[PDB]
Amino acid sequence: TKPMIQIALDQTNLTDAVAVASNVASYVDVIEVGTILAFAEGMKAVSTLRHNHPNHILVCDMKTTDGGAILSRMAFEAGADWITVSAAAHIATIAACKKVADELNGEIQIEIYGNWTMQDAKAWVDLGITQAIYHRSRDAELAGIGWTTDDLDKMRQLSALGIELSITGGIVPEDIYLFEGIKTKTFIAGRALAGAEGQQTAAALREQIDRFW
């Protein structure tokens, strides 16, 4: 179906995260406990937001790199629907996270970082993982060159493997067209979805989403 709107909560305290989530809930589909909030407060953040927003999809972004069986279980038990696992995790860790996700009826999302390869992506799909978080290339962000042909190509390759991407990195309404035809689960933003104009930004994103999906 069409791409959903996801807010990444990266506040350094739970009181502020709870305030934001409360303010944005009526117009976001997915609420994410970002890695910053997760380290600031621990699994209490997940449980709290789970209780506050029971009808939202809830993500715990741990970028799990090792101890996957234990971390996956903790996050799922706390109430996460989806959790993130670093692409740099050993494939056995990734499998362990997946085993826990299947036990607990959650899902794994691969956070794409490091010297990752399409061989690696194929191994994720072979474990039955069908979600990845694709960040605008950092080199491109630093250089100011936007979303490059190479990033879009890589996203197309992943989509062709059956991976449903969450796309993130300076996402704004006027760039949505770029992702036409990419298998996209969500668009993820942070501050753009909060505050005075977050509601109108969400609506501007949805308008663009509806043109292309």
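Numbers for residues come from their place in the sequence shown, where the first is 1.
Give the stretch, out of 18-26 and 190-198, with the larger mean C-alpha temperature factor in the deposited entry. The deposited B-factors put 190-198 ahead on the C-alpha mean.
Among 45, 60, 182, 176, single out the one with the highest C-alpha B factor in the record, please. The listed residue with the largest C-alpha B-factor is 182.
Could you tell me which third, lowest, middle or highest, the C-alpha B-factor of residue 31 occupies within its chain? Bottom third by C-alpha B-factor.
Can you tell me which third, lowest, middle or highest, the CA B-factor of residue 104 falls into for its chain? Highest third, going by the recorded CA B-factors of the chain.
Give the position of residue 123 by CA B-factor within its chain, expressed as the lowest, middle or highest third. Residue 123: CA B-factor falls in the middle third of its chain.
Using the B-factor values recorded in the entry, state whether the Cα atom of residue 167 falls in the lowest, middle or highest third among the modelled residues of its chain. Its C-alpha B-factor belongs to the lowest third of this chain's values.
Tell me, lowest, middle or highest third: where does the Cα B factor of residue 65 rank within its chain? Tercile = lowest for this residue's CA B-factor.
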